[PDB]
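We count residues from 1, following the sequence as given. Below, each value reflects all heavy atoms present in this structure, side chains not excepted, and no hydrogens, waters or symmetry copies. All ligand and atom numbering here is 1-based and tracks the order in the structure.
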Amino acid sequence: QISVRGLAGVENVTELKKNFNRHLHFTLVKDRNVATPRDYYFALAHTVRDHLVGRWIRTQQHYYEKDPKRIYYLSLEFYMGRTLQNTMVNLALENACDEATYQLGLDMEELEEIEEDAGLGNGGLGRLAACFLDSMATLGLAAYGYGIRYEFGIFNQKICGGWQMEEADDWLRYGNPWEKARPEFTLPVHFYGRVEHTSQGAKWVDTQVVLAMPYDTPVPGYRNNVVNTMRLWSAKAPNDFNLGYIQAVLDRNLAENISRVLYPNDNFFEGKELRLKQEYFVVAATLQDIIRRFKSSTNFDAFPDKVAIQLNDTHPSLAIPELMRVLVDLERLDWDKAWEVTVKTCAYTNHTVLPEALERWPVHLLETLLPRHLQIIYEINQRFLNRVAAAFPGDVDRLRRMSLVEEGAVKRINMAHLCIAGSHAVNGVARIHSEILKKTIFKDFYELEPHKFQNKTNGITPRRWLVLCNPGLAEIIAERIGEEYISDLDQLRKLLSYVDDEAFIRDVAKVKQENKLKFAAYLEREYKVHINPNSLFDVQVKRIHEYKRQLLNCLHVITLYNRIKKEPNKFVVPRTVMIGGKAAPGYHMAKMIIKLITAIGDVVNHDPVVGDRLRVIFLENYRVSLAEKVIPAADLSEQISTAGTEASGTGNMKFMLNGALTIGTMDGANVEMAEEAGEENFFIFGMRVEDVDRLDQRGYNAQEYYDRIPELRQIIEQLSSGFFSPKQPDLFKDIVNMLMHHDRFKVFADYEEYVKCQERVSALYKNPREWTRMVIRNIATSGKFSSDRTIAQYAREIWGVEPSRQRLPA
Ligand SMILES: *Cc1c(COP(=O)(O)O)cnc(C)c1O
């Protein structure tokens, strides 16, 4: 079919077909007369899975033999999505399987749609971890992803009456063919108990035990025969647990609830005990596994030379005191030596500066759940502050500002401070974010240990985010520059010499048009909503949050609508405005924004005068699999967070790599994207970080914008009067109130420039040729945003290991 999808050899197509039938029969226990599409999907999944095992076994045997430094990526989230196609792509089996299933009279694409998304993440943070695993495998690093095997991942979103309804993501219902339970490696995790101080050392006793059972999932590198491992822990109650009899057995649920469900909060800290248990659970089991693997390879001096632990934000921050606990209490190392090892082993990555997202655990919680860890944290704080006091004599405020322990209503432990103190490297996820860390939130820490602070701008894997989701684009690109770019995205720059190539311009635009037609079709298939494929696809997909400002997008949509109603017979570039994303269940304002979006669509989509000139659609249940479909079909990417709030963003990179132009603020990675492509090829608008600060010093008064902008005033009055909610006139009173009196994200402040910028977008879209040429300039300079580049920097500048593009014998 198409080049980049590999060869469809005679022998291997034949082999695939027989193994497919072999699995349908022996594995699924079905025949062609009673098999359902799902059975066929599993037969294929198992057939592909078989090609992984050989490589998986030798990759691990390889690491045992060579004993390289091991990288442990600890995260509470891994947003993997579907695994079938990704596996075929990395094993160069896509065309062969496509052919084999074709000959069996089956449509492989239909079968791929049956696989459930592995949604063990909320959004960008979990997706980053998934892209990172892909890149580490592709770069030949002996890396392991460690997390929790949630029984229920991010909830499936249903839109009822325009309101978000959540329903359990029972992703394991039909089983998971990709994982391999490893019950033989089960480890005990301790909770509660008390600390006993004996002759030689302290002892943590009278604890309640929960077993951690690991499940391994293979992570194949891109065509290098490397298959790494993602190990996810599942909670299991010991058998003597609580041992009326019946009740004791039913109460096992209490212990196993630890790995039951993913907390659905994106950029928001919820200090619940269950969450703390999850954090310790993943940390405790992982560290024991790490140490056990090390002892094989008694003197932990070399521990840092053979182990690197990366903390994905503070969620797994307990790894620092847990490592100290094990080394001091169990291995009997002196404190100072244990600390040296811990710091040299741990590295911390911060992903946000939003105050409500930072973890600050109540001391009383740690006191009851992890008594020994609290003592260790106090000791760490004591020694850390002595260092601060020695470096800044007499600066008592610095002492209280840097303390890991925060005083006040209830004493809390600042996990971020803990991470900085116990790590040899701390990094932000985009240049501007890392600078903000050094200038604001972590300024005191940067002044004490400037050497620790680094930047590692995020990235996305070009395998899933280009080859897999946009084969048509990957193909026309391969046609001109070869396939090498798939694992060396910088090579896309060569496309710059085709910016004036008429054939290429035509192909780029053709691929986009095809993606839009395919998506427009999908919308009618699974959701029954008609849209015009000739319109500009204006899309904003990401979690619903005030800082991401879906509300600013909404104001623009209403502006466009009001302008059309004012001058109906005036021409305007047709637009299909698509907004999608999930709101955390307890985030009221986020849920109201979703309702506002659907309410706007209700009015706009049924107004006869508007016609097919403007359509507002809310993409339901936005997740990884849906991102793979809508991003390749997008023309305009909305990355409009208030400057200084989106640490990096990654959706922005996906859109850039897939041929969409970007309208956004100078926030997060947007700054570097504009820098790489050139500001003239980016639709930048709004306040920069400095402008936001100037406004805060002066005091943000929304009323001022309302009084000086007639169009804005009209919108607010429409919202307040019930124009978008006839039966419930004051339905959006909370939204208006917030916008007018307590908008922490200054939506009104960027309104004018945003609308103006949006006009420049429409202007360019009217010139197909020039729009496409600008698109080419974006795609051609998106190379820096490959997670391979990001991982290579982590490897060389933090973990101290060299990436390799060497194939392993398959
Ligand atoms: C890439 C991705 C994200 C992150 O998007 P941003 O716009 O950076 O917040 C969130 N959700 C899904 C499903 C993604 O694929």
Next item on the list: Please name the pair of heavy atoms, one in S625 and one in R623, separated by the smallest distance, quoted to 0.1 Å.
Entry: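 So the minimum-distance heavy-atom pair works out to OG-NE, 3.0 Å.
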Checklist line | With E753 via side chain to side chain contact (heavy atoms under 4.5 Å, CB included) - residues at least two apart | finding: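 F685.
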Next item on the list: With sequence neighbours left out, write down each residue that passes side chain to side chain contact (heavy atoms under 4.5 Å, CB included) with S762, or none if nothing qualifies.
Entry: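 For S762 the side chain to side chain contact (heavy atoms under 4.5 Å, CB included) partners, ignoring immediate neighbours, are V573, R575.
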Check: If you count the non-hydrogen atoms of other residues, nucleotides and ligands that lie under 6.0 Å from CD in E526, is the total more than 12?
Finding: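 More than 12 heavy atoms, drawn from other residues, nucleotides or ligands, come within 6.0 Å of this atom.
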Notebook entry, point to check: For atom CE of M589, is the number of surrounding heavy atoms from other residues, nucleotides or ligands below 6.0 Å larger than 12?
Noted result: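 Counting other residues, nucleotides and ligands, CE of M589 exceeds 12 neighbours.
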Next item on the list: Please list, chain by chain and in numerical order, all residues satisfying ring pair (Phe, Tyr, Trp, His ring centres under 6.0 Å) with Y41, sequence neighbours excluded.
Entry: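 Ring pair (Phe, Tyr, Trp, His ring centres under 6.0 Å) check on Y41 returns nothing, list empty.
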Please tabulate, one line per pair, the protein N or O atoms found under 3.5 Å from any N or O atom of ligand 1, giving the distance to one decimal.
{"residue": "ligand 1", "atom": "7 (O)", "partner": "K542", "partner atom": "NZ", "Å": "2.8"}
{"residue": "ligand 1", "atom": "8 (O)", "partner": "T650", "partner atom": "N", "Å": "2.7"}
{"residue": "ligand 1", "atom": "8 (O)", "partner": "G651", "partner atom": "N", "Å": "3.0"}
{"residue": "ligand 1", "atom": "9 (O)", "partner": "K548", "partner atom": "NZ", "Å": "3.0"}
{"residue": "ligand 1", "atom": "15 (O)", "partner": "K654", "partner atom": "NZ", "Å": "2.6"}

